[PDB]
Amino acid sequence: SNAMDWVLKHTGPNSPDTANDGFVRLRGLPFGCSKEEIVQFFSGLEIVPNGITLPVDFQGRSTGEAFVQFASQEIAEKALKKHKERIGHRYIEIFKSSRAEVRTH
């Protein structure tokens, strides 16, 4: 078990029983809960640098709900429990993503 951080088998499109990978979704997110941040924020997760994208502006007005790709569910879940894990100061109420929403490439 836990090959990377908490990794499973990586047997689906990237681990089994997932939309694709490891569904995590930043929601109600404050200031710049984004690629590199999310990756190392909950250090210990196989969070892909930039399988994440906050609905932002050029300024970086992250708000509604953002995309987060985790190579396996466990990793994904360590962050699907990430409710109220701000950056800046707003309840990061993460959702169990649909990888569908998630990424943009």
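Residues numbered from 1 in each chain as written, not as in the entry; some residues may be left out. Heavy atoms only, no water.

As annotated in the PDB entry, the chain is qRRM2 domain of Heterogeneous nuclear ribonucleoprotein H2 from Homo sapiens. This deposition appears in the PDB under the title "NMR structure of the second qRRM2 domain of human hnRNP H".

**Structural notes on the pattern of salt bridges**
Applicable threshold: A side-chain nitrogen of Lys or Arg and a carboxyl oxygen of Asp or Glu constitute a salt bridge if their distance falls within 4 Å. Numbering of helices and strands runs from the N terminus, with a helix taken as a DSSP run of H or I at least four residues long and a strand as a DSSP run of E at least two residues long. The buried label goes to any residue with under 20% of its type's maximum accessible area, the exposed label to any with over 50%, and the partly exposed label to all in between, with areas taken from a 1.4 Å probe on protein chains only.
Inspection of the entire model under this criterion finds six salt bridges. Its salt-bridge partner being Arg 25, residue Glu 65 comes within 2.7 Å of it at the nearest N-O pair. Here the residue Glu 65 occupies a position in strand β2 (residues 65–69), and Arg 25 occupies one in strand β1 (residues 23–27), the gap between them amounting to 40 residues. Residue class for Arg 25 comes out buried when judged on its relative accessible area of 15%.

**A few points about the pairing of β2**
The line we're drawing: Here, strands pair whenever DSSP counts at least two bridges between them.
Most of β2 is tucked away, with four of its five residues classed as buried. The sheet contact formed by β1 and β2 spans five bridges and is antiparallel. Among the inter-strand pairings, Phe 23 is bridged to a residue of β2, identified as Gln 69.

**Some remarks on the nonpolar core**
Inclusion rule: In these notes, a set of buried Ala, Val, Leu, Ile, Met, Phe, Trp, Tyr and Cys residues joined through side-chain atoms within 4.5 Å is what counts as a nonpolar core.
If you look at the biggest cluster of nonpolar residues, it comprises 20 residues, and the most contacted ones within it are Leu 26, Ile 38, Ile 47 and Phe 70. For this core, the secondary structure elements donating two or more residues are β1, α1 (35–41), β2 and α2 (73–80). The element best represented in this core is α2, accounting for three residues.

**A closer look at the environment of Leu 26**
Keep this limit in mind: Pairs of residues are marked as contacts when any of their non-hydrogen atoms sit within 4.5 Å.
Relative to the helices and strands, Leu 26 resides in strand β1. With 11 residues separating them in the primary sequence, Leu 26 and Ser 15 have C-alpha atoms 20 Å apart. Apart from the residues lying within four places of it in its own chain, the contact partners of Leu 26 are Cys 33, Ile 38, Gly 64, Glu 65, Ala 66, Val 68, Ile 92, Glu 93 and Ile 94.

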